[PDB]
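Look below for two forms of one protein chain, each set out as structure tokens: first structure 1, then structure 2.
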Structure 1
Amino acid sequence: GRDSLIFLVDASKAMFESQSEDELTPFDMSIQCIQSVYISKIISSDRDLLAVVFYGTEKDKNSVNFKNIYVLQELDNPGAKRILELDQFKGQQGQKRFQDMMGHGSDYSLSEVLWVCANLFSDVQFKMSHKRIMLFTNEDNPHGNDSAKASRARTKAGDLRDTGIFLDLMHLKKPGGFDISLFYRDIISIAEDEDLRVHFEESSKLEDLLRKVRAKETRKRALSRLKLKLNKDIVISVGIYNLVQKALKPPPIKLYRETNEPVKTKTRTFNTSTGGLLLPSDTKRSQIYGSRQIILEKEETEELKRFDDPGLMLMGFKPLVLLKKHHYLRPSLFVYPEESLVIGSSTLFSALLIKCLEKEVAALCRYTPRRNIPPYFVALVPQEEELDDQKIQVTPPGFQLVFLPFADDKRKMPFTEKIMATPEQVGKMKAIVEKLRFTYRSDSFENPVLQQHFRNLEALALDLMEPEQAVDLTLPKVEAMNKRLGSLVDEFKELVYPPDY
């Protein structure tokens, strides 16, 4: 799997005009968004290639030599130099730099722009897995004065979609409101799977459009494709996906001391046990207990962990009330129907989901990830789809896979008698907490270790004077809530705490 993306950005007078002073330039939105997606890709350490192209430019630069088209980058993995190049254009000062070096405002035909993009994809060498182009604009009728240009763009888009590209349009907040219906209704890569009357709304906030683009760009990475067995006869195919995954710090790699070449072990040399090498069949597995030794074959070792074929078999249904949330064991997984294997699966899946939601009950299944693995009992919780105000897929429809702890994982609590509190103290705490209420969006807290380490790597790679000490959001704003709290804390303490402590 190795795909690529093209962030095609328009350079027009509207792109540099801010709707309000508090609002930021849509071009600034675009460039900061691109910086965000590059840094995210670097964090994820993915293999996807990327490139950025501008049109509407006073000065062009491209291989095929169309006017007003600037191929600022070729398809490539993200690099620190690229990030600095982008950061050169953020802010009002960067906008001025872009005006001076690039120059904005000029006629163009979208057809030739798409032609340039198609050529740029044609330049690839590796097996390009997907083909995505995302456009950033606030103009809904690019060819309101050139009907021939509009028709040529239409036919080019049709060909390219037939060619295998996907074009996605990230429209921006504009005076009057963007509407894809006018021109792009037949232009965009409308998913044939379903009628995309539902679509993303006009982008106004950097965070909002960032969520939109990040959700749009990536491809589903099916962790596994198992079989959900209702019984020995009824079976359906589902795709287990994980929506959360602890992003560990990427492991270091060894380098040559001088040349800094990526070095390779390319060696797992054996001993004189068999002499230089050793045959795996000569390697029995054993364990020791007391003075006793027990020895098994590797196949025997694989045998005792065999219970059933990989997949999900259903035992029954249980009301969500009986299931607990504090019984967390490991990150939950997500389940979606997969008709690429069995036909008609999604129909049964959807009916079952609807009925489970109606009955407010969850399915209880015996999970088995891969061959010869002891099973866990897992609860399939129905998960109704939810959309944000901006038509954002907040919650994907389908069944949430939840692990259920075994009695071994359950531990006991040593404790003497408990003690309650006076209701006045409870009310004091209620007021205190209300003084600190705050909405929680899951996309709010960054990992300080990752950010600091990547800042260090950036500074080393860019050879900066010093690494930037990234601020931590996780660290409490202690003085801020001290202000927000006032003297309530002291009153509570004197209510509860004794004079000595």
Structure 2
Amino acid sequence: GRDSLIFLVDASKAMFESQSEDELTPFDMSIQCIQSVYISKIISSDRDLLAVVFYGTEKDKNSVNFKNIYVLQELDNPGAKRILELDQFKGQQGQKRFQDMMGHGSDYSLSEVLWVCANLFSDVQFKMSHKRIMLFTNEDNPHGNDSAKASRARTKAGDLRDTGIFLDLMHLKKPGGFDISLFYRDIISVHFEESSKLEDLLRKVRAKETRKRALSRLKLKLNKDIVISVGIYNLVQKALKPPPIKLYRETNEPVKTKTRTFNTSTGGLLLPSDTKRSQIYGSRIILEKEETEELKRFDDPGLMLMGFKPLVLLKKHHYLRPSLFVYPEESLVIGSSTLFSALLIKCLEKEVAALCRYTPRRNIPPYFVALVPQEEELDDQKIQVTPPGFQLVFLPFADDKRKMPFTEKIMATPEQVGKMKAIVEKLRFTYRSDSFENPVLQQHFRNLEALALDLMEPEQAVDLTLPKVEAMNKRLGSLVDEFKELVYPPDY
């Protein structure tokens, strides 16, 4: 199945006011956020359906010919042309074009807006999993002068929720503050704060558009009897360049590929039972597939608790593979969440990590992992920076660790350490987990964008991972010369 997202942007007269601020207007804010969502969906090759609808405009375009409702894009997979059409409205000139070809400041009623959204949701003939509407507006009481309109909007939100779609609102900065409890409390399905920066709104959108897909629903066995069900999630997953797809030369549709194995003499197709697995050591071993799988089997899939180990015994430099996240799954075993919460609370209090034997699936050797207790922390915008649960840290075996050649430990004089301290303090900078982009992926998708739109020259990506050599050289001043004088010999 597929899940679809509809972006609902307010085109009211108050969305184009910068409020005497150097930052972008909320309309440009929403446009750029939707663009970033489209780009992120394309990068991850997501199968999402996305739509953009503007309300409060003069011109209208929809199936039911409702006034002041315009559907820029219907529910469809993102593409280069859609991103270009969205870019047409970006910036000050984009806002101007939006006013010329679109209209603004007209009256509207929310009931028709959600009716159009529901009609768009029902228009697509696909396996619809979850339907979501994100409403971008800085107006907290759209129908404060019309009680009937407010009641109709509330009824439409109610029966649309009963239909089975989600309706989350992303309020933007408004002078005097935004009050959710005023009119929008009874419509949406604690809550985030107002949006004042572009990446703030981007993070707030991505916190809701993305859906959690559990890597595996395993069982955490305290012993043979006490068993609870947990879900494993990968909070970090290394993004990969999408594999190429073979196409027909003239028609360019994808071609199906399948592998067929036969005997080089007879040529007939052979069953898997007609072959075995072999290894040759020196001048010598025949095994079946079942035996090759069985020799890899130690335990049933799940997590088996060995004991609790203090957190100071987990070395930071013993990293083996990217960690996973463990969260309770009340769907499978009733009462798992209570035991999970008690274990998390007590592990956080005692600063200990649960040591378990980890078996992802059947016929795989076990691995020792540490369930490091991790506590939920929020941002000033009530964004969940760190989810509550256990972090599954893989512990290396003795084979994974490698011995290394030794050298005499040469220590540095305190003056050299002081010069290096000055150099380090000069180049201090704040690090965030999303401070850098992948140059390879950025360049690859820039080339894909250029080819899709038939642009002659692709846009050259700016490498943020390259050090600011000139800026850092200017910042360091002459400290490097002093450090070289104190460390390096005159001849080197």
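Here, rigid core means the biggest group of C-alpha atoms that superpose within 1.5 Å across both forms. Throughout, residue numbering runs from 1 along the sequence of structure 1.
Structure that is the form solved in complex with the DNA (1 or 2):
Only structure 2 fits here, because that chain is the form solved in complex with the DNA.
Relative to the superposed core, which single residue of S122, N231, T267, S281 shows a CA shift of 2 Å or more between structure 1 and structure 2?
Everything else stays below 2 Å; the exception is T267.
If the core is used for the superposition, what shift in Å does the C-alpha of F415 show between structure 1 and structure 2?
That residue's C-alpha sits 1.3 Å away in the other form.
Just grab the Cα shift of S18 between structure 1 and structure 2 for me, core aligned, in angstrom.
Its C-alpha position differs by 0.5 Å.
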